[PDB]
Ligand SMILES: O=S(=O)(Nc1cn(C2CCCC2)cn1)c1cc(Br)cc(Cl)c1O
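Single chain ahead, by itself, as structure tokens, in the form solved without the named molecule.
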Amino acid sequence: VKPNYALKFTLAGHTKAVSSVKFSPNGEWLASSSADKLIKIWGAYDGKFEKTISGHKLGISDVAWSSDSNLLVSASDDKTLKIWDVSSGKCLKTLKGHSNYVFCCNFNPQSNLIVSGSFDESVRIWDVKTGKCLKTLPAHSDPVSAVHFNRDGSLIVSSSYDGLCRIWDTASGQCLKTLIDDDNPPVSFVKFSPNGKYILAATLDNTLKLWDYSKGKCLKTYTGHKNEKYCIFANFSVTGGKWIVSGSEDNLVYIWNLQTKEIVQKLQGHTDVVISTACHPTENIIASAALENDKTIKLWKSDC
């Protein structure tokens, strides 16, 4: 079995490189963040532009949805995060305290916490309702590329240019686990598997790895794409066949069989580094987005 993703829409309108795309948990919306300092909301099924959300003074590197699809959190080069009420577009909070670029962000499943990582080498845990920083973790010795909560919000995984992935206890803020590899290439992305038992980690040696973090064992590797320069996010695709999905610096979307590690499809049509991909939570739909030469978002659909 192989997927047959086909281009359905190309969404133009960001005036600089796109940095991330995320589907709302309820499946209704796609959100995109850009170096052009904007967030844009699009209809997930018809591609229709919904609205522009603005207020960051510098470009945005990441955006994330609350579990109830009502809020967005964005991370900016202006060293802040912002919490936005989606239906109004109003900024609800500005999260202040990082001393350098904010690179990555996520809500916990309860959506009372936001986790963030920054070029200042720290991971911060923020109270959503007050906007107050609850904890500053001295997580890494170089910029933090990714932060992600597990299924119940009791753990955080972080990754850094320093070459490490770390598993943190959310309530105590203590490091429970450090994944150390020889040759320690920079880690450009990490996230928990849907069941929270594994982590998917990208390194800037053109390599994705599926790890048992409790066992400290690497179960799968995925290769064939190009990832040497940029923090490209990867996804678990679970609505049809079980795939691994990632952008690539050769302008393609790559799709691997999760179990066999074979490449099952390559999506062509972007004209620059595909910096971000996202998988729709209920339909076999992929959103992809690209850097300065392209600046577009593409929606793809498959029967499996």
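Rigid core: the largest C-alpha set superposing within 1.5 Å between the two forms. Residues carry their position along the shown sequence, with the first being 1.
- With 177 to 185 and 149 to 157 as candidates, the stretch whose CA atoms show the greater average offset from this form in 9 other deposited structures of this protein after a core fit is 177 to 185.
- Between 263 to 271 and 36 to 44, it is 263 to 271 that carries the larger average Cα temperature factor according to the deposited entry.
- The deposited model assigns a higher average Cα B-factor to 175 to 183 than to the other stretch when 77 to 85 and 175 to 183 are compared.
- Listed residues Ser159, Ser118, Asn106, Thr136 were ranked by CA B-factor as deposited; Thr136 comes out on top.
- Highest C-alpha temperature factor among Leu92, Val190, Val144, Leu72, as the PDB entry reports it: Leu92.
- Ranked against the other modelled residues of its chain, the C-alpha B-factor of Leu204 as given in the entry falls in the highest third.
- When all modelled residues of the chain are sorted by CA temperature factor, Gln110 is found within the middle third.
- The deposited CA B-factor of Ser66 belongs to the middle third of values across its chain.
- Sorting the modelled residues of the chain by their CA temperature factor places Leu299 in the lowest third.
- Ranked by C-alpha B-factor against the other modelled residues of its chain, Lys129 falls in the highest third.
Beyond the structure shown, there is the form deposited with the named molecule bound, which is absent from this document and is the topic of what follows.
- Comment: the named molecule is not present in this chain, but in the deposited complex one of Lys266, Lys242, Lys48, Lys51 has a heavy atom within 4.5 Å of it, namely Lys242.
- Site annotation in the deposited complex: the residue of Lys93, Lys220, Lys79, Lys135 reaching within 4.5 Å of the named molecule with a heavy atom is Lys220.
- Proximity of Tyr198 to the named molecule in the deposited complex falls within the 4.5 Å heavy atom cutoff.
- Taking the partner from the other structure, the named molecule in the deposited complex has no heavy atom within 4.5 Å of any heavy atom of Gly216.
- At a distance threshold of 4.5 angstroms between non-hydrogen atoms, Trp29 is out of contact with the named molecule in the deposited complex.
- Contact check for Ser193: a heavy atom falls within 4.5 Å of the named molecule in the deposited complex.
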